[PDB]
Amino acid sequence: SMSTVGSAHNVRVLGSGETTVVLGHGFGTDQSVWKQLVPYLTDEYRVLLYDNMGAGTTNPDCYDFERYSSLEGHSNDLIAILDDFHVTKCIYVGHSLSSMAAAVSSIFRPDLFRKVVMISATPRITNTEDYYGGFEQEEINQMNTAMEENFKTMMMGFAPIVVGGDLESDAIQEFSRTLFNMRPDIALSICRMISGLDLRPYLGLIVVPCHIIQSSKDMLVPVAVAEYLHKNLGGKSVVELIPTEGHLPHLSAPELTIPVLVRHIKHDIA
């Protein structure tokens, strides 16, 4: 059979070309979240897709609770994936968590990345005296408390609120399907990690060009966070807001988001 890293992350390679586009997904989804975007890319790029460890499509026994208590475990998985599949200078396009993992990875291994397109990314969701992440700490702890109380109940509100729109919409139904296929203890572990994550000290060390993409109204990512990322990244960057509501605009608003991503994949920051 194929490599252990490839089978553990369900790595899939489509198309062909000189440049490889790598697609990463966020919490509660898997690589199937990119099914609408991939046809726009396979004729000119090689496209690699992979699942984060912990996704409902991955083996629950491979989720080392110690290893994935910080982003480093996901960052080292990504490096191993691109190594095992011999990718260099890829165009990385990732939603939320995965784009941050790629950005940090580029600090130590800049050979693997030509640029990073971050969608709805944030270095820290909790406010401090000098930083606005969107949530006071005594809101996040109350959140973390409620997720340990009734996790499935919190996720049943989480999914439509975070995606935005009608309970009946296709995006909310699809996001719920993959979110509820996760194992509760694994998902809770991931939310704990995101909840305490603070990537602010890393931003100055990231020097690969970053394209900061997010919805103008994201319940988890204030527009101030995109501006904070732009300001504190160590290399070139650009910010473009998608005029829409939702944390997963690639899933909920493809008609706006897919044209934005293709233009940022193709064109470079001068």
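We number the residues from 1 along the sequence you see.
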Original post:
Between 113 to 121 and 180 to 188, which has the higher average C-alpha B-factor in the PDB entry?
Top reply: 180 to 188
**OP:** Would you mind comparing 225 to 233 and 56 to 64 for me and telling me which has the higher average C-alpha temperature factor in the entry?
**Re:** 56 to 64
Original post:
By the record's CA B-factor, is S99 among the lowest, middle or highest third of residues in the chain?
Top reply: lowest
**OP:** State the tercile, meaning the lowest, middle or highest third, of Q31 with respect to the CA B-factors recorded for its chain.
**Re:** lowest
Original post:
Going by the entry, which third of its chain does the Cα temperature factor of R200 land in?
Top reply: lowest
Original post:
According to the PDB entry, is the CA B factor of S215 in the bottom, middle or top third of its chain, that is, lowest, middle or highest?
Top reply: lowest
**OP:** Could you say whether, by C-alpha temperature factor, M143 belongs to the lowest, middle or highest third of its chain?
**Re:** highest
